[PDB]
Amino acid sequence: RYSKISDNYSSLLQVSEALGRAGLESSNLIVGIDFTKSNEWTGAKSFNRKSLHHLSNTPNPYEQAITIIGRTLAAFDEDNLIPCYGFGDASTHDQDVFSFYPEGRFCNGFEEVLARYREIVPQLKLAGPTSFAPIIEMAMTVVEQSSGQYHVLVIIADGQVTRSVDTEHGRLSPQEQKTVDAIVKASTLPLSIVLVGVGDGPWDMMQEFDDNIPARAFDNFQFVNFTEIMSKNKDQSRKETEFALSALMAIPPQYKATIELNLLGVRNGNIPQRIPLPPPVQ
């Protein structure tokens, strides 16, 4: 379906226009970046055995993903203020996020997101394990503090949530329990969640993930495999639009649901205030 819609789009501007015709209006963007040690090995097949956070004169998968999403959503962003967070490094493990800037100051535009990313990356100690509960809970706090403005949280990651050793007997890890609880609670807020997968994966358990989440107020989650789409036999510009559409197509019906449920523009009243740690840098 995504390939069929994207086949006629050679410009990201065309994707933006399609999102608008589907009903998207003013939208803020929140970015969360996976800084786990796993990034050092998950480019074994897809990134010539370099770390996925490797910096050079050409953008790595994190930079590429941020650029495409940033460009596509920019026209909907009425303040251009993008709060950005890291998680999975030694300062946060699976418990916290850190803000890109001290005191949690927001980035001004996706270009500053990219620039600040490049500044921070070499100074980080990569760690683990992998949970998305802290980043989703941080996004919840931002949405609530904004008085219910619509936000899209984009998480870019190179692995699934850490599993239990006894997963074969149906057991969940604490990372899974807390991440899934967070996705459920998030649907009390006007928030869309997009998980962008970069690198080798594996990702095979993500095609069923959203369908297995417990009862929610609305379907608020979408997975997209960046690396798989960008590896297809398709010209570069149309691969980029296929990625943008696959990532964001679910967003306008989610937005309309926040309006139907009357979540837009109001406060929930039951959102813990998560405090992001400072960037562990110069």
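Note that each Cβ is placed from the backbone with ideal geometry, even for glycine, and that neighbours are counted across all protein chains shown. Here, each number is a calculation from the coordinates, and none is a lab measurement.
Out of the residues in segment 184-210 meeting the condition of being of a type in the set (S, T, N, Q) and either touching a residue at least 60 places away in the same chain (Cβ under 8 Å) or part of a strand (DSSP E or B) (or both), tell me which one is farthest from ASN39 (Cα to Cα).
Within segment 184-210, the match that is farthest from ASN39 (Cα to Cα) is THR188.
Which of the numbered conditions does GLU240 fail, given that it passes all the others? Conditions: (1) among the acidic types (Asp, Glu); (2) touching a helix residue (DSSP H, G or I) at 6+ places or on another chain (Cβ under 8 Å); (3) closer than 28 Å to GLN145 by Cα.
Only one criterion in (1) among the acidic types (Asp, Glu); (2) touching a helix residue (DSSP H, G or I) at 6+ places or on another chain (Cβ under 8 Å); (3) closer than 28 Å to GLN145 by Cα is unmet by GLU240, namely (3).
If the requirement is being of a type in the set (A, V, I, L, M) and within 26 Å of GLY88 (Cα to Cα), which of these qualifies: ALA186, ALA257?
None of the other options fit; the residue is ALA186.
Counting only residues that are assigned to a loop (DSSP other than H, G, I, E, B), over 15 Å from the mean Cα position of the chain (by Cα) and not small (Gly, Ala, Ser), which one in segment 215-234 is farthest from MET249 (Cα to Cα)? Before the answer, list the steps.
At the first step, the residues of segment 215-234 found to be assigned to a loop (DSSP other than H, G, I, E, B) are 215-220, 231-234.
From the residues that got through so far, the ones that are over 15 Å from the mean Cα position of the chain (by Cα) too are 215-219, 231-234.
Add one more test, that the residue is not small (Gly, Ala, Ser), and what stays is 216, 218-219, 232-234.
Values: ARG216: 20, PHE218: 15, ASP219: 13, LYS232: 19, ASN233: 22, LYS234: 20 Å.
Once the filter is applied, the top-ranked residue is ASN233.
Applying the selection to segment 162-183, what residues are assigned to a helix (DSSP H, G or I), of a type in the set (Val, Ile, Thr) and either in contact with an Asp or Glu (Cβ under 7 Å, 6 or more places away or on another chain) or surrounded by fewer than 16 Cβ atoms within 10 Å (Cβ to Cβ) (or both)?
The answer is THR167, and nothing else.
Here are some residues: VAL266, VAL281. Which one is closer than 17 Å to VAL143 by Cα, in a loop (DSSP other than H, G, I, E, B) and β-branched (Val, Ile, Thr)?
Going through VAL266, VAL281 in turn, just one is closer than 17 Å to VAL143 by Cα, in a loop (DSSP other than H, G, I, E, B) and β-branched (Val, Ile, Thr): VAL266.
Confirm whether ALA186 is of a type in the set (A, V, I, L, M, F, W, C) and closer than 22 Å to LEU245 by Cα.
no
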